[PDB]
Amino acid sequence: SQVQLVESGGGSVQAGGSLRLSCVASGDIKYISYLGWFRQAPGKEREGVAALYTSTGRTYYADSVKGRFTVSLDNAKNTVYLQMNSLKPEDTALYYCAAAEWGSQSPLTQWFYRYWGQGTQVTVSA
């Protein structure tokens, strides 16, 4: 794989607080057009959280996080962020970064994405 994604920033956070996740994309990334954040609780489904279409900057959010989370890209760093505000215990999960050159279905569906990171754990205390 000459596209590698590495997430960081997870940890323990109190409900109502904020946390910023980072995902560094390395390799031959010039054709990437979608960057997605997904989350997966143990034994549960990997669900789309937020996605960014980099060509125009358009963002997509799951209903459960819209208004609380913000996905953004710093092109001068090849790094995509998930700023998570007003955190809730229901936000606890392993958070994955994902990337695609293009896709034929919803950019919030896991099967849209070719490249996946290793996950960073976010655990929100009530």
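The numbering used is simple: start at 1 and walk along the sequence shown.
- Between 88-96 and 23-31, it is 23-31 that carries the larger average Cα temperature factor according to the deposited entry.
- Of the two segments examined, 69-77 and 43-51, it is 69-77 that shows the higher average Cα temperature factor in the deposited entry.
- Among 18, 118, 104, 110, the highest C-alpha B-factor recorded in the PDB entry belongs to 18.
- Sort the chain's modelled residues by C-alpha temperature factor and residue 5 lands in the middle third, per the entry.
- When the modelled residues of the chain are ordered by their C-alpha B factor, residue 126 lands in the highest third.
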